[PDB]
């Protein structure tokens, strides 16, 4: 049984949903930008047009007040691109804006986020807003595993989340911004990744969730509350080695 530097983790075999590894998997903690996976699912569940040009809007998200972003308020970009920026780059204004263009309004969006959690058996999970900036967006490694299992039903989420980088062009006014994936493993050919999302807040620590393949075995990996910007990636690498070869490695 390998040791991890992070506060909690869970790895599941996606062939059978069997738990391969668990470390404090029921510890309830904030999850930061991992929230954006749920946000993406809520958008797709309603089958809102992906090509629709939407305005950046943070009116109803008090958690975004005074938070820096390069995505300008009232500028426009497609729903699909907002999903992309939210998932690949953890762009908060893009995630927030998605909830401002939802049938029934912003609070209907939050209801849908919590309704899905319940429907997925994520009984220790709560969402209050779509970005993950709120310390009240909480879950457990076990619940996040359920979210990952459910993400298999949303191929676009996986596609978009693994995009290495892209230039995003906005309208009103015309400007282009460079964006890059928060997970550098998408640039490493020895990693086979179907879905990725990172997160960081001091309350949540560094967080990482992935759907990946280790020697033909598809797995769902969750690492939460890592101190140090590479500690969660180091944990993931050490667990991979253990899964693939059986060799337990110490925590450096």
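Numbering follows the first chain given and starts at 1.
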- Note on the structure: Taking the deposited Cα B-factors and averaging over 157-165 and over 172-180, the higher mean is found in 172-180
- Of 32-40 and 209-217, the stretch with the higher mean C-alpha B-factor in the deposited entry is 209-217
- Task: Go through 222, 195, 226, 186 one by one and give the residue whose Cα B-factor in the PDB entry is largest.
- Result: 226
- Note on the structure: Quick tally, chain-level thirds of C-alpha B-factors: residue 27 sits in the highest
- Task: Taking the values exactly as deposited, rank residue 126 by C-alpha B-factor within its chain and report the matching third: lowest, middle or highest.
- Result: highest
- Query: By the record's CA B-factor, is residue 46 among the lowest, middle or highest third of residues in the chain?
  - Reply: lowest
- Task: Would you mind checking where the Cα B-factor of residue 74 ranks among the modelled residues of its chain, as the lowest, middle or highest third?
- Result: highest
